[PDB]
């Protein structure tokens, strides 16, 4: 936690740039301010920090917003400077990269009035290579007045529990938890999931049906998938699995849950996936509900995957989990 002494130190540094006596700095000055405090954030880290604050685009930061950023930074252990330091206490650059990337951690922010989530993702390949992908998802409730959340993270963990040899049948699991890094009537504790996906990857067409269950308030779901057309699939099944609903996220009470609030009418998402060797995907899900069951109409489009790359050669093992875990509260602190 912040202490009084830290706040007064941040306050001094911040105030030196608040030249209008206004209580603000510009977003363009944020790096200069943090360097004045002896910090060395990367550009990528500064962009994340700025996304925490620029929902309405006005390009300034007030002291409470600055304090929140900073409180998040000191809770943060994954900053690039801090991580390298630990290595330099003694080739490890890929480790540094993976650890600073926060794999499977979705950054949730508002950009031009649209709730957006960005994630760094990577597939572990046969032979232990890492195959990177950037995700960007936009989310929009069907009902007009649903209030957009503040900045936050969703820590995801997706895995294949079982499959047949050709991946015509796949059982899938995800566990997701929202947090700041510092129950509603339409949504029952136990829900059912029905899904149909139609897609095309490098021109190969397929249809996949899903049937599942989950616990929206615990952030957990499982699904059984069956390829109905286009099987045996000629590409890595793993590129589809994050297309197979952010309702299934455990939200604490100090973060607005846009997803559970979008029901009964539902919401839709659209996503791009950008892979390191040029492959590109688009996907979309339109999510509705009837009683205790979500219905998912999913579309998936992938192109430009090299004939010879890991996706068209089925060389992926899984989506890699985060390389930094929180070792949690001891039982005595609940």
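Residue numbers count along the first chain shown, from 1.
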Missing from the model but present in the deposited sequence, between residue 182 and residue 183 = 10 or more
Between residue 139 and residue 140, determine how many residues of the deposited chain lack coordinates; answer none if the chain runs continuously, otherwise 1 to 3, 4 to 9, or 10 or more.
-> none
Ranked by mean Cα B-factor in the entry, 312 to 320 and 15 to 23, top stretch is 15 to 23
With reference to the PDB entry, specify whether the mean Cα temperature factor is higher for 253 to 261 or for 72 to 80.
-> 72 to 80
Out of 159, 218, 118, 85, which shows the largest CA B-factor listed in the entry?
-> 85
When you compare the CA B-factors of 213, 245, 200, 242 as listed in the entry, which one comes out on top?
-> 200
Third assignment of residue 166 from its chain's C-alpha B-factors = highest
Based on the entry's values, in what third of the chain does the Cα temperature factor of residue 95 lie: lowest, middle or highest?
-> highest
Chain thirds by Cα B factor, record data; residue 55 belongs to the highest
Going by what the PDB entry lists, where does residue 110 fall on CA B-factor within its chain: lowest, middle or highest third?
-> middle
Quick tally, chain-level thirds of C-alpha B-factors: residue 89 sits in the highest
